[PDB]
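Each remark here refers to the structure printed beneath this line.
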Amino acid sequence: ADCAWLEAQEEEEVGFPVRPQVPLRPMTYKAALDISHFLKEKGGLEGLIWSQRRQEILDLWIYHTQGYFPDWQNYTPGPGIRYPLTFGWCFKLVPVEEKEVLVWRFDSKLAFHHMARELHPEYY
Amino acid sequence: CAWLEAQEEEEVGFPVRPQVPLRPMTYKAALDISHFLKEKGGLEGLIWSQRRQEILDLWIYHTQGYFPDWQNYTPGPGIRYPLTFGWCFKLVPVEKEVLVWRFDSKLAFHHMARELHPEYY
Ligand SMILES: CCCCCCCCO[C@@H]1O[C@H](CO)[C@@H](O)[C@H](O)[C@H]1O
Numbered sequence: 053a054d055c056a057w058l059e060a061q062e063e064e065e066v067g068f069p070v071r072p073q074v075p076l077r078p079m080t081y082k083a084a085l086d087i088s089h090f091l092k093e094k095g096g097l098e099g100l101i102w103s104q105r106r107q108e109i110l111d112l113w114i115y116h117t118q119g120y121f122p123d124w125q126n127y128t129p130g131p132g133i134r135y136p137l138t139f140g141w142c143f144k145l146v147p148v149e177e178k179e180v181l182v183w184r185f186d187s188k189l190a191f192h193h194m195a196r197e198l199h200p201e202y203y
Numbered sequence: 055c056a057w058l059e060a061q062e063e064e065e066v067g068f069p070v071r072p073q074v075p076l077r078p079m080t081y082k083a084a085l086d087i088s089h090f091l092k093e094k095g096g097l098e099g100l101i102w103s104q105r106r107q108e109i110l111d112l113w114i115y116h117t118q119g120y121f122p123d124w125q126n127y128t129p130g131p132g133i134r135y136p137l138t139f140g141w142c143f144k145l146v147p148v149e178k179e180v181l182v183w184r185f186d187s188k189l190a191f192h193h194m195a196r197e198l199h200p201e202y203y
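These protein sequence lines map, in sequence, to chains A and B.
Heads up: the first sequence is residues 53 to 149, 177 to 203, going by PDB author numbering.
Heads up: the second sequence is residues 55 to 149, 178 to 203, going by PDB author numbering.
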């Protein structure tokens, strides 16, 4: 089922149901900063249990509204706290009580400290 | 049912609440959306799935405010007919069988789901 989703969205990328209304960019620091702070104030990620599908609904909402390619929202590997690889995005996945139940949590410090970078230089 | 519990939880109000106010699906709304999707969209020819229908349902729910409880079809086997009158897409088999979204403008004037299955009304 995991692989079946990738092939579906890449077919869907031209186009489904409508191609996005705005010019189609890649995710920036400031965009990711504004969208996070937006989603806290108005809208509701805070607390929700993470899933492959929910992330996709969130990725597609940003893609259709703002035009940012859904290529961006990636976190560090487990176990434990799951840090965003795209700097600017102020959400991380915390466990709640080796795969485990995660939760989107806002953290304004993520704006100033690229914690994924500091813990895993591997990726850069 | 693993999806429905997640979907219900989400309904207040992930990822944002839809911007235009909520209202139930109508004949004309369904008609207009269908004819929009054929001209300026890409629902045509695409293989159906549970997730693809949900992406479509949520795009409508967010864009236009229609609660996603309207785009259901008749049971199989064979040509799968829309229960909501106005919606001009049906799911045709390609040859549990592989279905494809197909625009049919005659669905606007004949409630084929009604004529074949009066049990649902
Ligand atoms: C799976 C999620 C599908 C995408 C849902 C969000 C798409 C909404 O899209 C936006 O809707 C606004 C009104 O709400 C309009 O003003 C914008 O022009 C439009 O881009």
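Heads up, the beta-carbon is just placed ideally off N, CA and C, and yes, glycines get one too.
The Cβ of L97 of chain B sits closer than 8 Å to at least one Cβ of chain A. Per the CB criterion, closer than 7 Å to any heavy atom of ligand 1, the qualifying residues run in chain order as A:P72, A:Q73, A:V74, A:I109, A:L112, A:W113, A:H116, A:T117, B:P72, B:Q73, B:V74, B:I109, B:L112, B:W113, B:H116, B:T117. Take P122 of chain A, set aside five residues on each side of it, and the residues of its chain with a beta-carbon closer than 8 Å to its own are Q61, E108, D111, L112, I114, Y115, in chain order.
Cβ neighbours of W124 of chain B within its own chain (closer than 6 Å, five residues either side excluded): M79, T138. The alpha-carbon of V74 of chain B is positioned some 22 Å away from that of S88 of chain A. Residues of chain A whose Cβ lies closer than 9 Å to the Cβ of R184 of chain B do not exist; the shortest such Cβ separation is about 15 Å.
Contacts between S103 of chain B and chain A, judged by CB atoms closer than 9 Å, involve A56, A60 in chain order. Around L145 of chain A, the same chain offers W102, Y127, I133, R134, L181, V182, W183, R184 as residues with beta carbons nearer than 8 Å, after the five sequence neighbours per side are excluded.
Think of a sphere of 7 Å around the beta carbon of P69 of chain A: the chain B residues whose beta carbon falls inside it are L91, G95, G96, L97, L110, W113, in chain order.
Cβ contact annotation for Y81 of chain B (same chain, cutoff 6 Å, sequence separation greater than five): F139, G140, in chain order. Chain order gives the chain A residues near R106 of chain B as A60, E64, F68, where near means a beta carbon separation below 8 Å.
Less than 8 Å divides the Cβ of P131 of chain A from the Cβ of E177 of chain A. Residue pairing of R77 of chain A in beta bridges, as defined by DSSP: absent, with no partner found.
Secondary structure remark: continuous beta strand (DSSP E) runs of at least 3 residues inside the segment 57 to 123 of chain B: none found. Here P136 of chain A carries a strand assignment [DSSP, helix/strand/coil].
Residues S88, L97, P136, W183, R184, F185 of the same chain have their beta carbon placed closer than 7 Å to that of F143 of chain B, with the five preceding and five following residues left out of the count. Here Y120 of chain B is buried, its C-beta having at least 16 other C-beta atoms within 10 Å. Non-local C-beta neighbours of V148 of chain A in its own chain, meaning closer than 8 Å and more than five positions away in sequence, comprise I101, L181, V182, ordered along the chain. Using a CB distance cut-off of 8 Å, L100 of chain B counts as an interface residue toward chain A.
Boundaries of the alpha helix (DSSP H) harbouring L198 of chain B: 194 to 198, taken from the DSSP string.
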